[PDB]
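Below is one structure, written out as structure tokens; comments come after it.
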Amino acid sequence: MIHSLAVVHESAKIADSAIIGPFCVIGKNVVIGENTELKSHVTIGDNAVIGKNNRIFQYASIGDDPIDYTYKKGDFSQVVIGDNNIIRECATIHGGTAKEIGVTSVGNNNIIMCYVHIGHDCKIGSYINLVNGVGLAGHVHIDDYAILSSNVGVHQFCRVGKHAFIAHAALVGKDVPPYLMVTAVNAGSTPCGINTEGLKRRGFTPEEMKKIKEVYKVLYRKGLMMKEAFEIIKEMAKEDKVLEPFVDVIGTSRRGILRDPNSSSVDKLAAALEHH
Amino acid sequence: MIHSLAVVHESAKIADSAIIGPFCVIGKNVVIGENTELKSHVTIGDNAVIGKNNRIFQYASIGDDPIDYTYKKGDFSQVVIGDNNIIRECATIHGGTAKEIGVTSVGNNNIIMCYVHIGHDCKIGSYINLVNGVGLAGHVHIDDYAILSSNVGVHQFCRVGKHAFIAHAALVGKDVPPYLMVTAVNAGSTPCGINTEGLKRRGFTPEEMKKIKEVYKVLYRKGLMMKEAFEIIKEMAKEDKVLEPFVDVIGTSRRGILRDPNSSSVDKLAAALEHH
Amino acid sequence: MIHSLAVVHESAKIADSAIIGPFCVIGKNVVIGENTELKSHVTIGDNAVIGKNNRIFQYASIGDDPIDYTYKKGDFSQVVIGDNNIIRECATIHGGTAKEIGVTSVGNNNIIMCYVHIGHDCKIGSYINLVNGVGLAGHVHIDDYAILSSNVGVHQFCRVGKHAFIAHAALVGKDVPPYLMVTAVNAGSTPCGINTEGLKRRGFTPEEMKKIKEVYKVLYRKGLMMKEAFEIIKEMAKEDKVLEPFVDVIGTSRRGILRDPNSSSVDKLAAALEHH
């Protein structure tokens, strides 16, 4: 039911089973799917497409103007949201810009928590947790099952690979390989092993986790340069397909791969001081 | 007066002298006490109990669903708020969960500032300042008179003892003894002496402050392990009751006590290089 | 047009061409100028003065009570905002206090982004970017063209000089000279050269940039104390007027000047180990 105290543009298409609470404002050419609830005080920008079974909390702003100095009124701007999402209080999801395709997209089954910001042209996958205060600048890709903890910041054009975990207040300025744990290097971020807890919970087998950890070693513990490491990883991925996401993220990197700048202190050459 | 433009469920109990501003949304079985003002755009969740003389600012969300993967609709969730509180813009206070008692509680005379988040099952005491952007994950206990500065984050199940001061952007991952100053170790937090400024202002005497500082030494400067330090503190507390809160926080710790990991650099054994 | 679903006090003066969206709340003795839009859900506090061509987004709170323990009802509190500003979602701009003049002021052509907090008695100049989550405690001065990146915090009474750039999550606790790049020293902030990118974009010439960089050297690379450096800078400013803002910020400092505490590691005396 559309509450009598909501404002809805007449061109909006709202499924019968959708709940539009009091004091919601729904813009031009919006589509809202079946069984989606907008609790109260929700603003939906022009052209937004929202799927089924979504729960959107008060003071969430969805599909409104990008914050981009290159944007000007007359540009087409859109947010697409999938199904089964929870979007909490004061979240902001902005539409895309003309320099790409004008689309910000969010997939399925995500938990987007309080004060979370998803900037213009982001691509958010499925089954993701964005904890309170996460901020994603424009053009950020977050892959399936990733966890970004509270106050995590991700700079423009960065990618977080599948099943990664980013710890409280880490700043992500380079691409994060899948499966990784990333801690705050106070200002910045560093690799901190594999997300073994998430992986066990999601049904990864000992054999799969062994291969993922070996890739971690190849990347960060064997004294190899990125060219040499990537070549080894590609060969590994042939036999073990659970490693394919490594090939994706590293191969298509825009901003370079997250490194451990202090690996030389703990790599093979540092720790091998005996024969055998 | 209940503004004509507010939405109030008919089962809500609102004192005559309460002010419910325009565009407020008040849920089922809510109780709002005498002389409490809800300025405008305030959302109050089902079952919430709010005391007297409270001032709640626009876009504050109080008593709504917990963010907890263990929560499911059908669970009883409640926020209890005491008297004389100020709750500022965009604050979020979530109800409790079924794994405890389903109650988040806030005491008296608190200042909860802009964008502050009080997660499920928190217990907030009285006379506390939570500065802009403070985030408290579930099950956090904040004791009386504590100051948590801007952007302070506290992880789940942690406790901040009475009269503590937590500096800008510190992350609290262990229990904080009463009376302490805590600074940001950039990512994390460390002890930085006693909150002498707050303590003087609150009427603590030279004798009391001398004993509190001696406990600081026992904990962090005498080269003692926690078992040995706690035993000394317990004996001290018999003679001087101002130390009792030390016994409370340390004795009942869930997450361990905040340490100085670099105490060995500045302890008795490091600084004693002469006789006498 | 004033939307039928907005609440406007009868003493408010609103220009014909102003757009007051649905669910806005406009307080006593407010003035809103020509061609300013308040999108929806905007709260404007008593006595606020807003200029022309402003665009203010949903859930922005402007001109309401200061967060100051010295403030009491009956004190005059005001926000003044200039022209051509963009103020994004969930921004909070608080009025001034009685200990100064009771005025918070914002100039022209600013971009104030999501969740930005401008505390009591701030003075914000023109052409400034305050990126998401910036927090300015009371009495903060931000000079023209400054960029404060996401989650930057500025303590009370601090000044950021013209054309400065403050990097992600830096904490500003001292005055920042004009033209500087400032990075997060994880907890705190440090000088990191000159804002050469902003300066080139704003039409600064090679000669001007050469002089600005020489002042950087005088301040941070020649092993000089602040008294000696300031005296040299003052003489430099006579010949080259682009340096005058250095004289302003350093000469009138309330909180001291931002230093590089580790300059002795990289100064003239450290790097000069040969003749010639």
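Naming: A, B, ... by sequence-line order, numbering from 1 per chain. What you see below is based on every heavy atom in this structure, not just the backbone, and it leaves out hydrogens, waters and symmetry mates.
Side-chain N/O atoms of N53(A) and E37(A) include no donor and acceptor closer than 3.5 Å. With no hydrogens or angles considered, a side-chain donor-acceptor pair links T97(B) and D121(B) at under 3.5 Å. If you check the side chains of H94(C) and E89(B), you find a donor sitting under 3.5 Å from an acceptor. Looking only at atom types and distance, the side chain of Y59(B) has a donor-acceptor partner in the side chain of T43(C) under 3.5 Å away. A side-chain N or O of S253(B) and one of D175(B) form a donor-acceptor pair less than 3.5 Å apart. Using a 3.5 Å distance cut-off with no hydrogens or angles, the side chains of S40(B) and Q58(B) do not pair a donor with an acceptor. Looking only at atom types and distance, the side chain of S149(A) has no donor-acceptor partner in the side chain of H168(A) under 3.5 Å away.
For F246(B), the ring-ring contact (aromatic ring centres under 6.0 Å, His included) partners at least two apart in sequence or on another chain are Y179(B). For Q156(B), the side chain to side chain donor-acceptor pair (under 3.5 Å) partners are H120(B), not counting sequence neighbours.
The aromatic rings of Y115(B) and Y115(A) stand perpendicular to each other, their planes meeting at an angle above 60°, with 30° marking the opposite boundary. The aromatic rings of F23(C) and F23(A) stand perpendicular to each other, their planes meeting at an angle above 60°, with 30° marking the opposite boundary.
Here SG of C122(A) is found 7.0 Å from CD1 of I142(A). Values are rounded to the nearest 0.5 Å. Distance check: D64(B) CG to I93(B) CD1 gives 12.0 Å after rounding to the nearest 0.5 Å. With rounding to the nearest 0.5 Å, the separation of CD1 in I124(B) from CD1 in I112(B) is 7.0 Å.
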- Query: Between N108(B) and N84(B), does a side chain to side chain donor-acceptor pair (under 3.5 Å) hold up when you go through it step by step?
  - Reply: CA-CA 6 Å; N108(B) 300 329; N84(B) 312 316; 5.8 Å; no
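A salt bridge does not link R202(A) with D144(A): none of the charged nitrogens is closer than 4.0 Å to a carboxylate oxygen. Salt-bridge check for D143(B) with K123(B): failed, with every basic side-chain N at 4.0 Å or more from each acidic carboxylate O. Looking at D68(B) and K99(B), a side-chain N of the basic residue comes within less than 4.0 Å of a carboxylate O on the acidic one, giving a salt bridge.
Atom CD of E100(B) has more than 12 neighbouring heavy atoms from other residues, nucleotides or ligands inside a 6.0 Å radius.
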